[PDB]
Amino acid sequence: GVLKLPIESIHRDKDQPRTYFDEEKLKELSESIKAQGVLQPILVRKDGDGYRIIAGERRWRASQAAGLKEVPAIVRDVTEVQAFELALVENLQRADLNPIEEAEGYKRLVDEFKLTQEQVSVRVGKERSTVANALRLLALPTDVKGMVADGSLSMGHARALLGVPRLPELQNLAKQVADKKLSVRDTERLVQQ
């Protein structure tokens, strides 16, 4: 099943589908690995003097960055066409939590499990600013949170709308922003009142 493989025994697939590696997101992944370890084993292929990654290059890099010496892995015996299919499937067959689901998750850790916002940040590997801003979404009214949750309003839109003094005025402005589909800049000019 799941081996613990030395990181030095594993090398990247130079032809893998991901070419861009966001350093800020790699940093968060590394922080989460320090807190929780790697939760899902990477997929590798025997190759050369060791193994070649099929899927899981970020996990491998982040583990290296955190100073871990091994990474959980599943060894797959596959053709390289199938290995490439696996790399696409692993990344493309996912559904993220929406921003309200994320924020309510942080809220449960604080309210129910009695973590501080600091502890949530450390335990999940997310920046303090990300945890704090998600929680602030939950001060919005239901209708407005619904528009954030379904994507009618973006993070940036929600940012600006938190400045509106009156909640009723806040909903109507939010509904226009989503309904007419205004830019974030137009929203902020609107919020100035």
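Position 1 is the first residue in the sequence shown; the rest follow in order.
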Averaging C-alpha B-factors over each stretch, which comes out higher, 4-12 or 184-192?
184-192
Would you tell me which stretch averages the higher CA B-factor in the PDB entry, 155-163 or 137-145?
155-163
Which of these, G56, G37, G48, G125, has its C-alpha atom at the highest B-factor, as the entry lists it?
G48
Comparing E90 with the other modelled residues of its chain, is its CA B-factor in the lowest, middle or highest third?
lowest
Third of the chain, ranked by Cα B-factor, where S129 sits:
highest
Mind checking which third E112 falls in for C-alpha B-factor across the chain?
middle
Assigned third (lowest, middle, highest) for the C-alpha B factor of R18
lowest
Should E104 be placed in the lowest, middle or highest third of its chain by the C-alpha B factor in the entry?
lowest
